[PDB]
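Written out below as structure tokens is the structure these notes cover.
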Amino acid sequence: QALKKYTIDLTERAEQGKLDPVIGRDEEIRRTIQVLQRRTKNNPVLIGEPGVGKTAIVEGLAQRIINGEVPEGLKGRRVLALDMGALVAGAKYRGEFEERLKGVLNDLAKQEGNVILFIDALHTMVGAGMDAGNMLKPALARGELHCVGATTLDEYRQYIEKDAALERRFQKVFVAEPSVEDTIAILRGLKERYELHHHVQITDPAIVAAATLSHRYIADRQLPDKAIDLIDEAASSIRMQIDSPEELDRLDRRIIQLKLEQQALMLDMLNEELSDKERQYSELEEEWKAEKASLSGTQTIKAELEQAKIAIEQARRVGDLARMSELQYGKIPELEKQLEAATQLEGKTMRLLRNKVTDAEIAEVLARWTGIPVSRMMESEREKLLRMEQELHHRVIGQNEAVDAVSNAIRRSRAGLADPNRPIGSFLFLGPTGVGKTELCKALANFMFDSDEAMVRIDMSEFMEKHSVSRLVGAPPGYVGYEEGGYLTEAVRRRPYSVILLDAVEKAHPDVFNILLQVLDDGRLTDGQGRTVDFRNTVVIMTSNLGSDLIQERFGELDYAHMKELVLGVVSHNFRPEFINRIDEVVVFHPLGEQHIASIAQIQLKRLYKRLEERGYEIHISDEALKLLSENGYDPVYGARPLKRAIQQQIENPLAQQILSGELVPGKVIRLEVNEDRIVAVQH
Amino acid sequence: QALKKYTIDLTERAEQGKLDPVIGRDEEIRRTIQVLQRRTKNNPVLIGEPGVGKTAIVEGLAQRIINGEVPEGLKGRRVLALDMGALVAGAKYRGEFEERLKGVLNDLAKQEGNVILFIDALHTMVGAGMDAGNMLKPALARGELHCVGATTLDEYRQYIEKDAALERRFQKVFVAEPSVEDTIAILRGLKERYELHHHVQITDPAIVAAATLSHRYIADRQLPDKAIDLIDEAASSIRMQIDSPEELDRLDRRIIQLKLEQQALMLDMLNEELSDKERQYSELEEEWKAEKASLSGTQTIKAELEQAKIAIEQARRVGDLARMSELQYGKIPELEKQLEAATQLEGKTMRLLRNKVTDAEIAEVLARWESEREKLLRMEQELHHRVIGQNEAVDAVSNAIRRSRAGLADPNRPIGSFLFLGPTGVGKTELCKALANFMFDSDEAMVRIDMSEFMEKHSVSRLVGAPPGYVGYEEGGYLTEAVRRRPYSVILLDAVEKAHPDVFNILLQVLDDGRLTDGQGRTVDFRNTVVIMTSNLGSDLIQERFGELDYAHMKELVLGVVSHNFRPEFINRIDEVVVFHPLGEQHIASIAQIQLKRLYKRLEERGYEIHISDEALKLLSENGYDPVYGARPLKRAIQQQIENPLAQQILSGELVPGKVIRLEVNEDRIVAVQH
Ligand SMILES: Nc1ncnc2c1ncn2[C@@H]1O[C@H](COP(=O)(O)OP(=O)(O)OP(O)(O)=S)[C@@H](O)[C@H]1O
Ligand SMILES: Nc1ncnc2c1ncn2[C@@H]1O[C@H](COP(=O)(O)OP(=O)(O)O)[C@@H](O)[C@H]1O
Ligand SMILES: Nc1ncnc2c1ncn2[C@@H]1O[C@H](COP(=O)(O)OP(=O)(O)O)[C@@H](O)[C@H]1O
């Protein structure tokens, strides 16, 4: 024969129950049977992005052939899974490939249409060394084969819409991703399957949270394959933690260590201590065996329940009379209620932990994938949001108003009250140059997701040309950066949960504001390569200096409201009404006071003492030296980077020179005493 | 059956202890035990760079199966290692290979989901002749097979990620290269193995030095394989030096030579000399046999100690009562103390020697294949070797190396920042190449980029990285992209006086943190390099008044001149400003002598012998040296004024070989004569 040599008889497998009873998908099975009951062009192809269960649609079609939900044009049909890889890979020679394939077509035509041929990965058939299309073509035209394809949409439009004859030989059935609730229903059927295998239980809140958080976060793989990945991987982690016991291992190491100690000593007391620890070890071991026996009985009774369900389906196919009522009314409710009695018994007895996969397990598995704070406000990030003013003032002294505004913005977003097409929050930082624009940016990226490195800083001062705009969106096809990628859009597509930091957007060309109009309108910024860039998870922050002299000269005896309205008017003179129209909340910075400069110096002393204690020195400072640093590092035009370069040039250059001179000794208290113009270090 | 015909039971070998004690890798065995117990994707493939013991990760999984340290469902599995190579070519028929593999797969269907299959180099399962992929692509989805793959990343990315009916029956259990201390941990168990085969002793400082030098120097292979091969080859080296001596060879050649002479003379005295040397040879031979007997007894009783350890482990597994305490209290301490007595006895008697493995043996195995002070002294000495002159600059760079390579400076700043001030062509290129030839051990382990061409606005668009679709684009980038090509080198920016303020902004970004991104979004670090610049105005002040002035106030005056020309804060972040003198007579003489050395090497390999006169060297010194260029006019003047009349005369059929070819002078020429 040929058919047993190359194909996989799926109806025999579904008759042996080795498949998945996939719930739903009723319209796609209907449209596949609409195609398969035609006269010519009997060839549906199942098209969708991978993971959506096109193989499962074919297997569910086979299960409906076996049970008999099909019309009277498919009953008794066999479904055979041709393996396109299993015909190419023997052909060394001229015409041994076509030998096999003509053998397959003669045996299927001997069956006389009684065999629905199934071909998975149909885009292997076309380019496989003329080969396989130009023999199947006279059979696919006359309907004497019954091919069912299964392919990704990209391989469809690449390997078939090219070759138009084999395009019209087939027929599309567009398969869409399932919904969230359909994903939940699918996973409920698959829970009822999977708890036979991993010997555990699954609580349906973990199922719905798994589906929702997988749809929220995993943006490469698609439903339901990613949800099944999460559920199965958590089931395997719990199958580990059945036999992971740690306390028995600690007690065994303790008793063998005290055994070696007592055997070396042969005052004693250790016969008594070892007897107590052996008694505790035996009790924990017997409790462990009791838990194992409980889980074994629960698994066996769950397996007998599922075999009873399979047997009552056997009675639904065959048609025994008393067997139906007997199996149902006896076997289903009593086995379910003592399955729940075993469930509450395991809830009583599992001290040595879980057999029920909770949502925290899903959080641990998805955190091992990516690392998001996946779950909700867990009173650690939530109290962080309740002290988000304090959390931002942990690193950024001063500028209370913008801290409050950004805190309110993220408090709106994490509660789900943002308009979910816009990005998380637009910001127009104003005011004096170099106070903590970038420090608030770093602190925001820090206490948003990870750290200061989950950002993209873009100097907008460099973009002053038309081809600069074509750079930062991406060059259109047939041109240059279309080879070598866009600028902004690639930086977003690498870091999808990030912060975009612009720098002096007023120094940019007067048209990049229109790209920002698209950004702050809807957060899709279609690049040069024609694929969308999704800003709905990010935070766009823009910095400027359009009223730095205006704010520094009028901060005295003017409140926050008049300052905001005045700088709104001035920015309206500079910018356009559309651009400031799309902004969520323009904040206004104020100039710095000398106590804030002293606080910046304090934080620099904190980080410098940390670095030099990692180096190995114990250094103290007089506050007079702090006052000299504060007076030598502020100006109305530059701000606190004068303090930074003053700290660098007056500490980091001379004191490290004194260290490298073999002068200073690690461990000594090093008081940074003052000079007339400098700071001297002593060894005391 | 066919399992006996084509598989390798790992569990029987670990059952009889033939395999290796797997050390570490708890996490990867954990991830393997996860992926082995799922319902889908039930086939891991251990993926990493090759030779990191992926086979032994499977073997340690098998050992934990035998020792019961696995979860409950794995308790009772069988690990079988199917060879891709064992199956191939018993076939003249049209697929006898396929028949045998079908018989194996039916046997694994008969074993009913128990046998866990091992295959390494899973790409060979994909293409080897249906051959092994699509005979098993059913069995890799029908639950009758639990294969454990093992391959490199490249074969996974090609031959498995593509094949979409195979792509989701496999997970990437990533196995990384173990660290130095991890490799130490792996070696500390197999040291027990690697003495019982080679009859020697291994010491732990040699092990950590071997791991350190292996990770530092051998870069073809990786850890832990290369450290293990160093240990095993050192064991072979000591096995050779014990089993095979030198003075015995000298004495044997001497006695057979004097035996030849005495047999010839048949005055004598040689009967007496030969008898003395034969007595000495017999004494050394008997001492050598005594040493060999001592080492034989030592290693036999060491193997007895190890078999006592194996026997007390057998008594731990079985549970005999008197055997445990008997084997412990008898067999361990007396055999250990007389093994140490044999060790100190060999320390007394081995003269004719070595039985241990030391770090000197590690150096020997590395050569037949320690950092800061030695590298400091070798750096300074090679500075005095290659580049002539500029000993002040030698000391300046040596001071900067002593300041930066102590580690007590900022690791967020670039290492070497300088300004070469002096006339051109004096050896600035030579100094850069000597820096490169020590610090990265090649002359072109560096980057030379001139800055004199970048006076216009097209400097950041030509040095850093161009906008898309303009002049400086299709070479990549001058400065930034060379570091992406060579992250391990030294950077030069000659003629920085012709710069542009964007370049000064770039260099302040360099001297701040070293990170710098081009116009298309690639973050490039500079801190692992050395950046050097040049100017030629205070150099003209040097050419004016280097004589009768010092070096330090010279440095202060030229730093003031640079402060006139450059920004003070721009040159403030520079580590050290150096001064280059005009080399005048003796260094010109030396570099001309170097050019004469390479000329003499080529003319000696022709077969001549040429001696220069010092007067002709003075003519070359006066004709080639100039105050504006240095010595590249001296190079072409050497080329012309020597080689062209010389090659004129040699091809004249004139200068006979084998004579002193004296470079005398004419009134204006440099002529060679024959006498
Ligand atoms: N409705 C469903 N009910 C139950 N399981 C499903 C359902 N749809 C998909 N699955 C499961 O999803 C997994 C694979 O889904 P598929 O859609 O078959 O992925 P796929 O068909 O292999 O797609 P590609 O392109 O071949 S990767 C199997 O474990 C199926 O059981
Ligand atoms: N409120 C603050 N708290 C702590 N440190 C700050 C604060 N404001 C500024 N700094 C320091 O001041 C400097 C300002 O630099 P930057 O923010 O880059 O310039 P600009 O203020 O023009 O945006 C930063 O380098 C930062 O170290
Ligand atoms: N746990 C371990 N401890 C020490 N050495 C190991 C360990 N595991 C493997 N090795 C070494 O790795 C070598 C095998 O390399 P392997 O990883 O099997 O090959 P490949 O390069 O094909 O992945 C063996 O010589 C073994 O000594």
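Just so we're on the same page: first chain in the structure tokens is A, next is B, and so on; residues restart at 1 for each chain, and ligands are numbered from 1 in the order they show up.
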
Q: Give the residue list for ligand 2 at 7 Å, counting only C-alpha atoms and all ligand atoms, as a list in words, sorted by chain and then by residue number.
A: residues 395, 396, 397, 398, 399, 432, 433, 434, 435, 436, 437, 438, 439, 600, 639, 640, 641 and 644 of chain A

Q) Could you list, as JSON, numbers by chain, all the residues within 9 Å of ligand 1, counting only C-alpha atoms and all ligand atoms? A) {"A": [19, 20, 21, 22, 23, 24, 25, 47, 48, 49, 50, 51, 52, 53, 54, 55, 56, 57, 58, 60, 120, 121, 150, 151, 152, 178, 182, 183, 185, 186, 187, 189, 190, 223, 224, 225, 226, 228], "B": [39, 40, 164, 165, 167, 168]}

Restrict the selected residues to N, CA and C atoms and save them as a compact mmCIF listing (two decimals), in the first residue's frame.
# COMPACT_ATOMS: atom_id res chain seq x y z
N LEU A 19 -7.46 12.93 20.76
CA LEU A 19 -7.49 14.29 20.26
C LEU A 19 -8.19 15.21 21.25
N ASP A 20 -8.38 16.46 20.82
CA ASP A 20 -8.95 17.49 21.65
C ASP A 20 -10.36 17.79 21.20
N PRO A 21 -11.32 17.77 22.07
CA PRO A 21 -12.69 18.05 21.64
C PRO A 21 -12.89 19.54 21.59
N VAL A 22 -12.56 20.21 20.49
CA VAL A 22 -12.40 21.65 20.57
C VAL A 22 -13.76 22.32 20.51
N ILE A 23 -14.08 23.04 21.55
CA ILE A 23 -15.38 23.63 21.72
C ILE A 23 -15.44 24.89 20.86
N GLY A 24 -16.62 25.22 20.37
CA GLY A 24 -16.75 26.40 19.54
C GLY A 24 -16.39 26.06 18.12
N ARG A 25 -15.95 27.07 17.36
CA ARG A 25 -15.51 26.92 15.97
C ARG A 25 -16.59 26.33 15.09
N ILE A 47 -6.87 29.23 6.78
CA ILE A 47 -5.89 30.30 6.78
C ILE A 47 -5.99 31.08 8.08
N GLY A 48 -4.86 31.27 8.74
CA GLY A 48 -4.83 32.08 9.93
C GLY A 48 -3.43 32.14 10.48
N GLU A 49 -3.22 33.13 11.32
CA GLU A 49 -1.95 33.31 11.99
C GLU A 49 -1.73 32.16 12.98
N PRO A 50 -0.49 31.71 13.17
CA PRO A 50 -0.28 30.36 13.70
C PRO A 50 -0.62 30.25 15.17
N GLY A 51 -1.12 29.08 15.53
CA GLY A 51 -1.57 28.82 16.88
C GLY A 51 -3.07 28.77 17.04
N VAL A 52 -3.83 29.29 16.08
CA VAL A 52 -5.28 29.42 16.25
C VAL A 52 -6.05 28.13 16.06
N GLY A 53 -5.37 27.01 15.86
CA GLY A 53 -6.08 25.75 15.87
C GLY A 53 -6.67 25.32 14.55
N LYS A 54 -5.96 25.57 13.46
CA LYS A 54 -6.41 25.08 12.16
C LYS A 54 -6.30 23.56 12.09
N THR A 55 -5.21 23.03 12.65
CA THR A 55 -5.09 21.59 12.86
C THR A 55 -6.22 21.08 13.75
N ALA A 56 -6.59 21.88 14.75
CA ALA A 56 -7.68 21.49 15.63
C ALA A 56 -9.03 21.58 14.94
N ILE A 57 -9.20 22.50 13.98
CA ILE A 57 -10.43 22.54 13.19
C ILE A 57 -10.56 21.27 12.37
N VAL A 58 -9.46 20.81 11.79
CA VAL A 58 -9.52 19.58 11.01
C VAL A 58 -9.79 18.37 11.90
N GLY A 60 -11.41 18.45 14.77
CA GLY A 60 -12.80 18.56 15.18
C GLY A 60 -13.76 18.19 14.07
N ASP A 120 -1.40 19.29 5.98
CA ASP A 120 -0.96 20.41 6.79
C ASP A 120 0.28 21.02 6.17
N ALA A 121 0.49 22.30 6.48
CA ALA A 121 1.58 23.12 5.95
C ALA A 121 1.62 23.05 4.43
N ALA A 150 -3.80 23.85 5.31
CA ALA A 150 -3.65 24.48 6.61
C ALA A 150 -2.39 25.32 6.54
N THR A 151 -2.53 26.64 6.54
CA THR A 151 -1.37 27.48 6.31
C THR A 151 -1.51 28.82 6.99
N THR A 152 -0.36 29.42 7.27
CA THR A 152 -0.31 30.77 7.77
C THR A 152 -0.68 31.71 6.63
N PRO A 178 -9.73 33.41 18.31
CA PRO A 178 -10.92 33.34 19.17
C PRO A 178 -11.00 34.55 20.08
N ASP A 182 -14.34 33.06 24.49
CA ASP A 182 -14.18 31.78 23.83
C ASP A 182 -12.88 31.11 24.26
N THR A 183 -11.84 31.91 24.50
CA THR A 183 -10.60 31.38 25.05
C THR A 183 -10.83 30.78 26.43
N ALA A 185 -13.72 29.52 27.50
CA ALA A 185 -14.50 28.29 27.35
C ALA A 185 -13.63 27.13 26.86
N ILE A 186 -12.76 27.42 25.89
CA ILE A 186 -11.79 26.45 25.40
C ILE A 186 -10.92 25.95 26.55
N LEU A 187 -10.43 26.86 27.37
CA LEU A 187 -9.61 26.45 28.50
C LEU A 187 -10.40 25.74 29.58
N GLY A 189 -12.84 23.44 28.86
CA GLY A 189 -12.76 22.09 28.32
C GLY A 189 -11.37 21.49 28.47
N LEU A 190 -10.34 22.31 28.26
CA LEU A 190 -8.99 21.80 28.39
C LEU A 190 -8.54 21.65 29.83
N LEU A 223 -3.60 33.87 20.79
CA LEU A 223 -4.53 32.97 21.43
C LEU A 223 -4.84 31.79 20.51
N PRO A 224 -5.25 30.65 21.06
CA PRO A 224 -5.26 30.20 22.45
C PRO A 224 -3.97 29.50 22.79
N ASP A 225 -3.02 29.49 21.85
CA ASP A 225 -1.78 28.76 22.05
C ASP A 225 -0.97 29.32 23.20
N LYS A 226 -0.95 30.64 23.36
CA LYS A 226 -0.21 31.22 24.46
C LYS A 226 -0.88 30.96 25.80
N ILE A 228 -2.68 28.25 26.52
CA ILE A 228 -2.38 26.85 26.79
C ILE A 228 -0.94 26.69 27.25
N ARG B 39 2.06 18.25 28.52
CA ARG B 39 1.29 17.45 27.58
C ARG B 39 1.61 17.79 26.13
N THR B 40 1.90 19.05 25.83
CA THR B 40 2.43 19.44 24.54
C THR B 40 3.86 19.93 24.72
N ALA B 164 7.80 24.04 10.42
CA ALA B 164 6.72 24.45 11.32
C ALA B 164 5.91 23.28 11.85
N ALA B 165 5.98 22.12 11.20
CA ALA B 165 5.42 20.90 11.76
C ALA B 165 6.39 20.21 12.71
N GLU B 167 8.47 22.79 14.70
CA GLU B 167 8.84 23.98 15.45
C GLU B 167 8.15 24.08 16.81
N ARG B 168 6.96 23.51 16.96
CA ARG B 168 6.27 23.54 18.25
C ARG B 168 6.16 22.15 18.87

(Q) Report, in Å to a single decimal, how far apart atom CA of residue B:15 and atom CA of residue B:107 are. (A)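 The value is 22.6 Å.
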
Q.
What residues of the protein or nucleic acid chains come within 9 Å of ligand 3 when you use only C-alpha atoms and all ligand atoms? Reply as a ChimeraX atom specification.
A. /B:20-25,46-60,120-121,150-152,182-190,222-226,228-229

Q: From stretch 136-366 of chain A, collect each residue whose DSSP state is alpha helix (DSSP H) and return the set as a PyMOL selection string.
A: chain A and resi 136-141+153-159+164-169+180-194+204-217+225-242+246-265+270-318+321-326+332-349+359-366

Q.
Let me make sure I understand: among B:70, B:594, B:366, B:145, which one has the smallest atom-to-atom distance to residue B:216 if we use only C-alpha atoms?
A. B:366
